[PDB]
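**Q** Fold the following.
(chains A, B and C)
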Amino acid sequence: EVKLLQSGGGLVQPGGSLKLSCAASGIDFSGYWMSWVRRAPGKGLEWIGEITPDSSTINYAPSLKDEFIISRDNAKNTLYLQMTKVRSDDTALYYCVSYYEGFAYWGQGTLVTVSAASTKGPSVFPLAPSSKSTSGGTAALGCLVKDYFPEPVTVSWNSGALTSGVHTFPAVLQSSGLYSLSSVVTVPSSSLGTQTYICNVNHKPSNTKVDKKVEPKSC
Amino acid sequence: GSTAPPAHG
Amino acid sequence: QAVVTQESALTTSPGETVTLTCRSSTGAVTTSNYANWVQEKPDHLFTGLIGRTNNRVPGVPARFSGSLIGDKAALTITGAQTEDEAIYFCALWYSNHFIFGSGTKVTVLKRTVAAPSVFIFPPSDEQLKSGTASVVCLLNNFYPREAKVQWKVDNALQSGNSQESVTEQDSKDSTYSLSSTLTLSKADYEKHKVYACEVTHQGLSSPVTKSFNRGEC
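**A** Residues are numbered from 1 along each chain as shown, chains lettered A, B, ... in the order given. Here you go, the structure:
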(Lines give C-alpha, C1' and ligand atoms only; values in the text may rest on other atoms or scores of the structure.)
Protein backbone atom coordinates (compact mmCIF):
# COMPACT_ATOMS: atom_id res chain seq x y z
CA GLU A 1 0.00 0.00 0.00
CA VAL A 2 3.06 2.21 -0.51
CA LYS A 3 2.85 4.39 -3.62
CA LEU A 4 5.29 6.93 -5.07
CA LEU A 5 3.47 9.04 -7.67
CA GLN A 6 5.63 10.94 -10.15
CA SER A 7 4.60 13.91 -12.27
CA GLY A 8 6.26 16.33 -14.65
CA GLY A 9 8.68 15.67 -17.44
CA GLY A 10 7.83 15.51 -21.11
CA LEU A 11 9.46 17.05 -24.13
CA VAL A 12 12.01 19.76 -23.35
CA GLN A 13 14.20 21.61 -25.78
CA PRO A 14 17.98 21.63 -25.26
CA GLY A 15 19.14 24.24 -22.78
CA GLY A 16 15.73 24.20 -21.10
CA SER A 17 14.81 23.43 -17.51
CA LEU A 18 12.45 20.92 -15.92
CA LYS A 19 11.30 20.01 -12.42
CA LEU A 20 10.01 16.55 -11.52
CA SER A 21 7.91 15.79 -8.46
CA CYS A 22 7.38 12.58 -6.50
CA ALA A 23 4.52 12.43 -3.99
CA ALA A 24 4.81 9.60 -1.45
CA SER A 25 1.76 8.08 0.25
CA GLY A 26 1.63 5.11 2.60
CA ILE A 27 4.91 5.72 4.47
CA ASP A 28 6.19 8.16 7.06
CA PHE A 29 7.93 10.08 4.26
CA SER A 30 9.54 12.39 6.82
CA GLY A 31 11.70 9.55 8.11
CA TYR A 32 12.87 8.09 4.81
CA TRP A 33 15.98 8.64 2.76
CA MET A 34 15.25 9.57 -0.85
CA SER A 35 17.17 9.29 -4.11
CA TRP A 36 16.83 9.95 -7.84
CA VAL A 37 18.04 7.53 -10.52
CA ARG A 38 17.60 7.46 -14.28
CA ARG A 39 17.72 4.83 -17.02
CA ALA A 40 18.85 6.17 -20.38
CA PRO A 41 18.05 4.38 -23.66
CA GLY A 42 20.86 1.92 -24.27
CA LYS A 43 22.56 2.82 -20.98
CA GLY A 44 22.40 1.27 -17.53
CA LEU A 45 21.08 2.76 -14.33
CA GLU A 46 22.69 6.04 -13.31
CA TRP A 47 22.62 7.42 -9.77
CA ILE A 48 21.73 11.12 -9.71
CA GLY A 49 21.62 11.91 -6.00
CA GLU A 50 20.14 11.29 -2.58
CA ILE A 51 18.69 13.45 0.18
CA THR A 52 18.47 12.94 3.93
CA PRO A 53 15.10 12.84 5.73
CA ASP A 54 15.82 16.36 7.00
CA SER A 55 17.79 17.54 3.94
CA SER A 56 20.85 17.94 6.18
CA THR A 57 23.32 16.58 3.60
CA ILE A 58 22.51 16.17 -0.10
CA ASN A 59 24.74 13.93 -2.24
CA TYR A 60 24.94 14.16 -6.02
CA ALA A 61 26.98 12.09 -8.40
CA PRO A 62 30.20 14.04 -9.05
CA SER A 63 29.75 13.97 -12.83
CA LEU A 64 26.37 15.74 -12.91
CA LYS A 65 26.32 17.64 -9.61
CA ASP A 66 25.91 20.98 -11.41
CA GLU A 67 22.92 20.04 -13.59
CA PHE A 68 20.50 18.78 -10.93
CA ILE A 69 19.08 20.08 -7.65
CA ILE A 70 17.35 17.69 -5.23
CA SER A 71 14.83 18.98 -2.70
CA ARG A 72 11.95 17.71 -0.58
CA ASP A 73 8.95 18.99 1.41
CA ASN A 74 8.18 16.58 4.24
CA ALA A 75 5.04 18.60 4.99
CA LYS A 76 3.70 17.84 1.50
CA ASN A 77 5.17 14.31 1.41
CA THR A 78 6.82 15.27 -1.88
CA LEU A 79 10.29 14.95 -3.42
CA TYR A 80 11.47 17.24 -6.21
CA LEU A 81 14.24 17.09 -8.80
CA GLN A 82 15.00 20.16 -10.92
CA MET A 83 17.32 19.83 -13.92
CA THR A 84 18.54 23.16 -15.33
CA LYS A 85 20.10 23.70 -18.78
CA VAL A 86 19.57 20.15 -20.02
CA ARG A 87 21.47 18.48 -22.87
CA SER A 88 20.50 15.96 -25.53
CA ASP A 89 21.78 12.96 -23.56
CA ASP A 90 19.64 13.86 -20.53
CA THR A 91 16.73 12.11 -22.25
CA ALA A 92 15.96 9.13 -20.03
CA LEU A 93 13.45 7.59 -17.65
CA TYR A 94 13.86 9.29 -14.27
CA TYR A 95 12.86 7.25 -11.22
CA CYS A 96 12.11 8.27 -7.63
CA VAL A 97 13.41 5.82 -5.00
CA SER A 98 13.21 5.62 -1.20
CA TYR A 99 15.88 3.78 0.81
CA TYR A 100 15.04 0.88 3.07
CA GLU A 101 18.19 -1.23 3.36
CA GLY A 102 18.44 -0.61 -0.37
CA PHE A 103 16.40 0.80 -3.23
CA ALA A 104 13.21 -0.41 -1.60
CA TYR A 105 10.27 1.57 -3.03
CA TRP A 106 10.19 2.94 -6.57
CA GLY A 107 8.02 5.31 -8.55
CA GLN A 108 6.52 4.58 -11.95
CA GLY A 109 9.14 6.82 -13.57
CA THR A 110 8.60 9.85 -15.80
CA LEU A 111 10.09 10.07 -19.28
CA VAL A 112 12.02 13.21 -20.23
CA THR A 113 12.69 13.74 -23.94
CA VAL A 114 15.28 16.38 -24.84
CA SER A 115 15.21 17.33 -28.52
CA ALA A 116 15.21 20.58 -30.50
CA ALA A 117 13.36 19.04 -33.44
CA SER A 118 10.06 20.26 -34.81
CA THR A 119 7.31 17.87 -35.81
CA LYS A 120 8.40 16.21 -39.06
CA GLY A 121 6.70 13.48 -41.04
CA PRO A 122 8.69 10.30 -41.59
CA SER A 123 10.29 8.91 -44.72
CA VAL A 124 9.30 5.32 -45.51
CA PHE A 125 11.94 3.30 -47.38
CA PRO A 126 11.50 -0.38 -48.29
CA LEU A 127 13.71 -3.03 -46.70
CA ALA A 128 13.74 -5.61 -49.47
CA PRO A 129 16.04 -8.63 -49.86
CA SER A 130 18.02 -9.19 -53.01
CA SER A 131 16.53 -11.84 -55.29
CA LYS A 132 16.66 -15.05 -53.25
CA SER A 133 18.16 -18.16 -54.82
CA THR A 134 18.24 -20.38 -51.73
CA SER A 135 15.58 -23.06 -51.33
CA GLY A 136 12.72 -20.97 -49.97
CA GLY A 137 14.62 -19.68 -46.98
CA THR A 138 11.73 -17.83 -45.33
CA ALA A 139 12.03 -14.30 -46.60
CA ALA A 140 11.92 -11.07 -44.64
CA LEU A 141 10.57 -7.73 -45.79
CA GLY A 142 9.97 -4.50 -43.96
CA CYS A 143 9.73 -0.75 -43.98
CA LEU A 144 12.19 1.77 -42.58
CA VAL A 145 10.40 4.70 -40.93
CA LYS A 146 13.15 7.30 -40.78
CA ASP A 147 13.55 10.88 -39.57
CA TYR A 148 10.23 11.61 -37.86
CA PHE A 149 9.14 13.50 -34.73
CA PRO A 150 7.42 13.19 -32.21
CA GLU A 151 7.17 9.59 -31.08
CA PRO A 152 3.71 8.13 -31.89
CA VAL A 153 3.82 6.22 -35.19
CA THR A 154 1.77 3.20 -36.31
CA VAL A 155 2.86 0.63 -38.90
CA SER A 156 0.54 -2.02 -40.36
CA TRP A 157 0.85 -4.44 -43.27
CA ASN A 158 -1.66 -4.87 -46.10
CA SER A 159 -4.08 -2.53 -44.29
CA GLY A 160 -4.10 -4.85 -41.28
CA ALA A 161 -4.76 -8.11 -43.11
CA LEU A 162 -1.17 -9.22 -42.47
CA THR A 163 -0.32 -9.79 -38.81
CA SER A 164 1.36 -13.23 -38.69
CA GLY A 165 5.10 -12.79 -38.18
CA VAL A 166 5.11 -8.98 -38.22
CA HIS A 167 7.69 -7.37 -35.93
CA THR A 168 7.53 -3.58 -35.58
CA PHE A 169 10.46 -2.52 -33.42
CA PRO A 170 10.48 0.29 -30.85
CA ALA A 171 11.80 3.54 -32.23
CA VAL A 172 15.27 4.87 -31.45
CA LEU A 173 16.05 8.56 -31.02
CA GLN A 174 18.77 9.29 -33.56
CA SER A 175 21.62 11.69 -32.84
CA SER A 176 19.88 14.27 -35.06
CA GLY A 177 16.97 14.63 -32.62
CA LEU A 178 14.63 12.60 -34.83
CA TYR A 179 13.29 9.08 -34.36
CA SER A 180 13.75 6.04 -36.59
CA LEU A 181 11.79 2.79 -36.66
CA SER A 182 11.78 -0.56 -38.45
CA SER A 183 8.82 -2.84 -39.17
CA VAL A 184 9.53 -6.35 -40.41
CA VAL A 185 7.53 -9.35 -41.63
CA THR A 186 8.60 -12.88 -42.55
CA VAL A 187 6.87 -14.66 -45.45
CA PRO A 188 7.52 -17.80 -47.47
CA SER A 189 10.08 -17.03 -50.16
CA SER A 190 7.95 -18.85 -52.74
CA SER A 191 5.33 -16.08 -52.55
CA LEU A 192 7.60 -13.06 -53.06
CA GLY A 193 6.73 -12.65 -56.75
CA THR A 194 3.04 -13.56 -56.51
CA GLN A 195 1.95 -11.68 -53.36
CA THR A 196 2.08 -7.90 -52.97
CA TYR A 197 3.14 -6.64 -49.53
CA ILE A 198 2.33 -3.07 -48.46
CA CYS A 199 3.24 -1.43 -45.15
CA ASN A 200 0.98 1.39 -43.93
CA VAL A 201 2.80 4.08 -41.94
CA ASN A 202 0.74 6.63 -40.01
CA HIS A 203 2.23 9.69 -38.28
CA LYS A 204 -0.73 11.51 -36.77
CA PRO A 205 1.36 14.37 -35.30
CA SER A 206 2.28 15.36 -38.88
CA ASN A 207 -0.90 14.32 -40.74
CA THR A 208 1.22 11.91 -42.77
CA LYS A 209 0.12 8.63 -44.36
CA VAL A 210 2.43 6.49 -46.49
CA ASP A 211 1.57 3.21 -48.19
CA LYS A 212 4.78 1.66 -49.50
CA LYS A 213 4.96 -1.53 -51.54
CA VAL A 214 7.97 -3.72 -50.71
CA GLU A 215 9.28 -5.86 -53.59
CA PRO A 216 12.71 -7.40 -54.21
CA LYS A 217 15.30 -5.92 -56.55
CA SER A 218 15.23 -6.55 -60.29
CA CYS A 219 18.77 -7.95 -60.56
CA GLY B 1 12.09 8.61 16.56
CA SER B 2 13.80 6.14 14.16
CA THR B 3 14.01 6.70 10.37
CA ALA B 4 14.20 4.05 7.58
CA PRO B 5 17.75 2.68 7.14
CA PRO B 6 19.49 3.95 3.97
CA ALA B 7 21.60 1.92 1.53
CA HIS B 8 24.92 3.41 2.79
CA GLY B 9 26.33 4.32 6.21
CA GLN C 1 36.29 8.56 -11.36
CA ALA C 2 35.97 4.87 -10.49
CA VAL C 3 34.41 2.18 -12.68
CA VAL C 4 32.24 -0.71 -11.46
CA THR C 5 32.36 -3.93 -13.49
CA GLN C 6 29.96 -6.89 -13.70
CA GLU C 7 29.62 -9.94 -15.94
CA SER C 8 28.21 -9.04 -19.34
CA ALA C 9 25.56 -11.77 -19.13
CA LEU C 10 24.96 -15.17 -17.56
CA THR C 11 22.81 -18.19 -18.37
CA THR C 12 21.41 -20.81 -16.00
CA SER C 13 18.53 -23.27 -15.66
CA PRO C 14 15.62 -23.31 -13.20
CA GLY C 15 16.66 -24.91 -9.93
CA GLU C 16 20.36 -24.14 -10.33
CA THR C 17 22.33 -21.46 -8.47
CA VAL C 18 23.95 -18.42 -10.10
CA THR C 19 26.53 -15.96 -8.76
CA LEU C 20 26.96 -12.42 -10.03
CA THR C 21 30.13 -10.50 -9.15
CA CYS C 22 30.82 -6.78 -8.97
CA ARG C 23 34.38 -5.42 -9.12
CA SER C 24 35.58 -1.97 -8.09
CA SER C 25 38.38 -0.31 -10.03
CA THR C 26 39.76 1.47 -6.95
CA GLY C 27 40.73 -1.87 -5.40
CA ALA C 28 39.13 -4.72 -3.50
CA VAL C 29 35.44 -4.28 -2.75
CA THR C 30 35.05 -3.81 1.00
CA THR C 31 32.01 -3.77 3.27
CA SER C 32 32.54 0.00 3.46
CA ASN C 33 31.45 0.09 -0.21
CA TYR C 34 27.91 -0.96 0.83
CA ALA C 35 27.19 -2.99 -2.29
CA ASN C 36 23.65 -2.63 -3.63
CA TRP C 37 21.87 -4.91 -6.10
CA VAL C 38 18.95 -3.71 -8.22
CA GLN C 39 16.90 -5.82 -10.63
CA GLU C 40 15.31 -4.63 -13.88
CA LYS C 41 12.78 -7.01 -15.40
CA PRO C 42 11.29 -6.44 -18.87
CA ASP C 43 9.40 -3.19 -19.50
CA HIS C 44 11.59 -1.17 -17.10
CA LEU C 45 10.40 -2.97 -13.96
CA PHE C 46 12.97 -1.99 -11.33
CA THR C 47 12.90 -3.69 -7.94
CA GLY C 48 15.52 -3.39 -5.22
CA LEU C 49 17.03 -6.58 -3.82
CA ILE C 50 20.06 -6.07 -1.55
CA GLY C 51 21.79 -3.15 0.13
CA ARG C 52 24.74 -2.62 2.45
CA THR C 53 26.50 -5.70 1.04
CA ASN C 54 24.23 -8.33 2.62
CA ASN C 55 21.04 -6.68 3.91
CA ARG C 56 18.16 -7.46 1.56
CA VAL C 57 15.19 -5.13 1.30
CA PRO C 58 12.33 -6.64 3.34
CA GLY C 59 9.93 -8.81 1.36
CA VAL C 60 12.52 -10.20 -1.07
CA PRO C 61 12.78 -14.01 -1.13
CA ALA C 62 15.67 -15.67 0.67
CA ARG C 63 17.16 -17.20 -2.49
CA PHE C 64 18.72 -13.79 -3.18
CA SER C 65 21.76 -13.45 -0.91
CA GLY C 66 24.43 -10.75 -0.88
CA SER C 67 28.00 -11.46 0.18
CA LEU C 68 31.66 -10.64 -0.47
CA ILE C 69 33.65 -13.09 -2.58
CA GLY C 70 37.32 -12.17 -2.52
CA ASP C 71 37.85 -8.73 -4.06
CA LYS C 72 34.30 -8.39 -5.42
CA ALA C 73 30.77 -8.05 -4.12
CA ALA C 74 28.56 -11.00 -4.96
CA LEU C 75 24.84 -11.63 -5.45
CA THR C 76 23.95 -15.33 -5.40
CA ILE C 77 20.59 -16.56 -6.67
CA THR C 78 20.35 -20.07 -5.21
CA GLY C 79 17.58 -22.18 -6.74
CA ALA C 80 16.82 -19.67 -9.47
CA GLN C 81 13.42 -19.51 -11.17
CA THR C 82 12.20 -18.16 -14.49
CA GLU C 83 10.82 -15.09 -12.73
CA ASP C 84 14.43 -14.28 -11.76
CA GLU C 85 15.43 -13.70 -15.41
CA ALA C 86 16.31 -9.99 -15.45
CA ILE C 87 19.15 -7.47 -15.62
CA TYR C 88 21.00 -7.06 -12.31
CA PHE C 89 22.71 -3.75 -11.55
CA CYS C 90 25.41 -3.25 -8.93
CA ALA C 91 26.09 -0.08 -6.94
CA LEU C 92 29.16 0.65 -4.81
CA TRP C 93 29.25 3.44 -2.22
CA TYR C 94 32.32 5.65 -2.65
CA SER C 95 32.20 7.78 0.51
CA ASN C 96 29.80 10.42 -0.86
CA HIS C 97 28.19 8.90 -3.97
CA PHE C 98 26.96 5.71 -5.60
CA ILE C 99 28.38 4.39 -8.87
CA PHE C 100 26.18 1.93 -10.75
CA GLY C 101 27.58 -0.91 -12.83
CA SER C 102 26.93 -1.73 -16.47
CA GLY C 103 24.60 -4.55 -15.40
CA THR C 104 24.54 -8.33 -15.86
CA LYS C 105 21.89 -9.86 -18.13
CA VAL C 106 21.01 -13.03 -16.22
CA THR C 107 19.10 -15.60 -18.27
CA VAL C 108 17.05 -18.39 -16.69
CA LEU C 109 16.09 -20.86 -19.40
CA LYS C 110 12.33 -20.90 -19.98
CA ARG C 111 12.56 -22.92 -23.21
CA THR C 112 15.09 -24.53 -25.52
CA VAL C 113 17.60 -22.01 -26.82
CA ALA C 114 16.67 -20.65 -30.24
CA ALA C 115 19.18 -19.18 -32.67
CA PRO C 116 18.17 -16.09 -34.66
CA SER C 117 17.48 -16.04 -38.38
CA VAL C 118 19.70 -13.26 -39.74
CA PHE C 119 18.79 -11.04 -42.69
CA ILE C 120 20.61 -8.08 -44.22
CA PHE C 121 18.92 -5.22 -46.07
CA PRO C 122 20.83 -2.86 -48.39
CA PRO C 123 19.79 0.79 -48.66
CA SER C 124 16.97 1.70 -51.01
CA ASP C 125 17.62 3.77 -54.12
CA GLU C 126 15.09 6.44 -53.12
CA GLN C 127 16.94 6.90 -49.82
CA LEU C 128 20.26 7.20 -51.66
CA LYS C 129 18.74 10.16 -53.51
CA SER C 130 18.59 11.80 -50.06
CA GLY C 131 22.35 11.71 -49.41
CA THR C 132 22.45 9.14 -46.60
CA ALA C 133 22.23 5.35 -46.74
CA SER C 134 21.27 2.92 -43.97
CA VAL C 135 21.93 -0.82 -43.93
CA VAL C 136 19.55 -2.81 -41.70
CA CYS C 137 20.29 -6.19 -40.10
CA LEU C 138 17.44 -8.27 -38.68
CA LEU C 139 17.73 -11.09 -36.13
CA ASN C 140 14.40 -12.91 -35.99
CA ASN C 141 12.85 -14.99 -33.20
CA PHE C 142 15.73 -15.91 -30.91
CA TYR C 143 16.14 -16.70 -27.21
CA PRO C 144 17.79 -15.62 -24.93
CA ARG C 145 18.03 -11.85 -25.39
CA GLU C 146 21.83 -11.67 -25.20
CA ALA C 147 23.14 -11.32 -28.75
CA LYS C 148 26.02 -9.45 -30.37
CA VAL C 149 25.78 -7.96 -33.87
CA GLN C 150 28.84 -6.45 -35.55
CA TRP C 151 29.15 -4.58 -38.85
CA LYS C 152 32.02 -5.16 -41.29
CA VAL C 153 32.42 -2.86 -44.31
CA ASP C 154 35.19 -4.34 -46.47
CA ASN C 155 36.40 -6.27 -43.41
CA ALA C 156 36.48 -3.02 -41.40
CA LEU C 157 34.71 -3.41 -38.05
CA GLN C 158 32.42 -0.39 -37.73
CA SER C 159 31.61 1.39 -34.48
CA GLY C 160 29.58 4.45 -33.56
CA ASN C 161 27.26 4.36 -36.59
CA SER C 162 24.98 1.47 -35.55
CA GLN C 163 21.84 1.64 -33.41
CA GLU C 164 20.02 -1.42 -32.04
CA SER C 165 16.36 -1.94 -31.18
CA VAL C 166 14.85 -5.04 -29.57
CA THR C 167 11.23 -6.18 -29.36
CA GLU C 168 9.53 -7.26 -26.17
CA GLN C 169 9.67 -10.90 -25.09
CA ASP C 170 6.76 -12.84 -26.57
CA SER C 171 4.67 -14.28 -23.75
CA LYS C 172 3.98 -17.37 -25.89
CA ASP C 173 7.40 -18.64 -26.99
CA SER C 174 9.59 -16.12 -25.12
CA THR C 175 11.52 -15.16 -28.27
CA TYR C 176 12.97 -11.77 -29.24
CA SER C 177 13.79 -9.92 -32.45
CA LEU C 178 16.61 -7.48 -33.18
CA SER C 179 17.12 -4.70 -35.73
CA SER C 180 20.57 -3.10 -36.00
CA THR C 181 20.67 -0.12 -38.36
CA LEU C 182 24.02 1.08 -39.72
CA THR C 183 23.84 4.59 -41.17
CA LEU C 184 26.41 6.03 -43.56
CA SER C 185 26.78 9.00 -45.85
CA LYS C 186 26.02 8.29 -49.48
CA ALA C 187 29.68 9.12 -50.12
CA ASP C 188 31.06 6.51 -47.71
CA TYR C 189 28.52 3.89 -48.81
CA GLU C 190 29.42 4.17 -52.49
CA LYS C 191 33.14 4.17 -51.65
CA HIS C 192 33.08 0.62 -50.25
CA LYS C 193 31.66 -2.60 -51.67
CA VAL C 194 31.23 -5.47 -49.18
CA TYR C 195 28.73 -4.97 -46.35
CA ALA C 196 28.37 -7.72 -43.76
CA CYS C 197 26.47 -8.36 -40.52
CA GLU C 198 28.11 -10.84 -38.13
CA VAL C 199 25.83 -12.27 -35.42
CA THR C 200 27.01 -14.16 -32.32
CA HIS C 201 24.44 -16.04 -30.23
CA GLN C 202 24.35 -18.79 -27.62
CA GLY C 203 22.37 -21.06 -29.94
CA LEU C 204 25.14 -20.82 -32.54
CA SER C 205 28.26 -22.98 -32.46
CA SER C 206 30.04 -20.43 -34.68
CA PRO C 207 28.99 -16.83 -35.36
CA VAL C 208 27.09 -16.48 -38.65
CA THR C 209 27.66 -13.67 -41.15
CA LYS C 210 25.09 -12.47 -43.70
CA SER C 211 26.51 -10.09 -46.32
CA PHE C 212 25.87 -8.43 -49.68
CA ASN C 213 27.87 -6.33 -52.13
CA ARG C 214 26.89 -2.86 -53.32
CA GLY C 215 25.58 -2.78 -56.88
CA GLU C 216 25.52 -6.59 -57.17
CA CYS C 217 22.93 -9.31 -56.61
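**Q** Every contact and neighbour count from this point should use C-alpha atoms.
**A** OK.
**Q** what's the burial count for the closest residue to residue A:62 other than its chain neighbours?
**A** Spatial nearest neighbour of residue A:62, excluding adjacent residues (Cα to Cα, 6 or more residues apart in numbering or on different chains): residue C:97 at 7.5 Å. Per other Cα atoms under 10 Å in any protein chain shown, the neighbour tally for residue C:97 reads 18.
**Q** With residue A:165 instead?
**A** Using other Cα under 10 Å as the criterion, the residues surrounding residue A:165 number 13.
**Q** residues making contact with stretch A:1-12?
**A** Residues outside stretch A:1-12 that contact it (Cα atoms under 8 Å, 6 or more residues apart in numbering or on different chains): A:18-27, A:96, A:105-116.
**Q** For ChimeraX, write the select line for the buried members of those.
**A** The ChimeraX selection below is limited to those of the contacts of stretch A:1-12 classed as buried (16 or more other Cα atoms under 10 Å in any protein chain shown):
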select /A:18,20,21,22,23,24,96,105,106,107,108,109,110,111,112,113,114,115
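**Q** For the residue of chain C found nearest chain A, name its beta-bridge partners.
**A** Proximity of chain C to chain A (Cα to the nearest Cα) peaks at residue C:51, 4.2 Å away. Here residue C:51 sits in beta bridges with residue C:55, as judged by DSSP bridges.
**Q** from what I can see it touches residue C:57, true?
**A** Yes - between residue C:51 and residue C:57 a contact is recorded at 7.0 Å, counting by Cα atoms under 8 Å.
**Q** which ones are touching residue C:10?
**A** Applying Cα under 8 Å, 6+ apart, we find residue C:10 in contact with C:104, C:105, C:106, C:107.
**Q** part of a strand, is the last one?
**A** Yes - Residue C:107 forms part of a strand when assessed by DSSP: H, G, I helix; E, B strand; the rest coil.
**Q** Tell me who's in contact with the closest residue to it other than its chain neighbours.
**A** Nearest residue to residue C:107 in three dimensions, chain neighbours excluded: residue C:11, at 4.5 Å (Cα to Cα, 6+ apart). Residue C:11 sits next to C:106, C:107, C:108, C:109 when contact means Cα under 8 Å, 6+ apart.
**Q** for residue A:139, same thing?
**A** Taking Cα under 8 Å, 6+ apart as the test, what residue A:139 contacts is A:129, A:186, A:187, A:188, A:189, A:192.
**Q** And those residues, which of them are buried?
**A** Neighbour counting by 16+ other Cα under 10 Å classes A:129, A:187, A:189, A:192 among the contacts of residue A:139 as buried.
**Q** can I assume residue A:187 is in contact with residue A:136?
**A** No - using Cα under 8 Å, residue A:187 makes no contact with residue A:136, being 9.7 Å away.
**Q** Give me every residue in chain A lying close to chain B.
**A** Proximity of chain A to chain B (Cα under 8 Å from any Cα of the partner chain) is limited to residues A:31, A:32, A:33, A:53, A:99, A:100, A:101, A:102, A:103.
**Q** mind redoing it with 7 Å?
**A** Counting by Cα under 7 Å from any Cα of the partner chain, the residues of chain A close to chain B are A:31, A:32, A:33, A:99, A:100, A:101, A:102.
**Q** Need those in CSV (columns: distance to residue C:71, secondary structure and neighbour count).
**A** Shown next, in CSV, are the residues of chain A next to chain B (distance: Cα to Cα, whole Å; DSSP: H, G, I helix; E, B strand; the rest coil; neighbours: other Cα atoms under 10 Å in any protein chain shown):
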residue, distance to residue C:71, secondary structure, neighbour count
A:31, 34, helix, 16
A:32, 31, coil, 21
A:33, 29, coil, 22
A:99, 26, strand, 22
A:100, 26, coil, 23
A:101, 22, coil, 23
A:102, 21, coil, 28
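**Q** Can you give the strand pairings for the helix or strand in which residue A:144 is found, parallel or anti for each?
**A** Assigned by DSSP states H and E, residue A:144 belongs to strand A:139-148. Next to strand A:139-148 in the sheet, as set by DSSP bridges, lie strand A:123-127 (antiparallel), strand A:179-187 (antiparallel).
**Q** Just the buried residues of the last one, please?
**A** When burial is assessed from 16+ other Cα under 10 Å, strand A:179-187 yields the following buried residues: A:179, A:180, A:181, A:182, A:183, A:184, A:185, A:187.
**Q** Any residues of chain C in contact with chain B? List them.
**A** Counting by Cα under 7 Å from any Cα, the residues of chain C near chain B are C:34, C:51, C:52, C:93.
**Q** I'd like those as CSV, with neighbour count and distance to residue C:202 appended.
**A** Compiled in CSV, the residues of chain C next to chain B are given as follows (neighbours: other Cα atoms under 10 Å in any protein chain shown; distance: Cα to Cα, whole Å):
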residue, neighbour count, distance to residue C:202
C:34, 24, 34
C:51, 28, 32
C:52, 26, 34
C:93, 21, 34
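**Q** is it true that residue C:165 touches residue C:179?
**A** Yes - at 5.4 Å, residue C:165 counts as touching residue C:179 under the criterion of Cα atoms under 7 Å.
**Q** So for these two, which residue has more residues nearby?
**A** A side-by-side neighbour count of residue C:165 and residue C:179, using other Cα under 10 Å, places residue C:179 first with 28 against 19.
**Q** Is residue C:32 in a helix, a strand, or coil?
**A** Going by three-state DSSP: residue C:32 is helix.
**Q** how close does residue A:13 get to residue C:208?
**A** Using Cα to Cα, to the nearest Å, we find residue A:13 at a distance of 42 Å from residue C:208.
**Q** Could you do residue A:63 as well?
**A** Taking Cα to Cα, one finds residue A:63 at 40 Å from residue C:208.
**Q** quick one, longest helix in chain C?
**A** Counting by DSSP state H, the longest helix found in chain C is helix C:186-191.
**Q** That'll do, ta.
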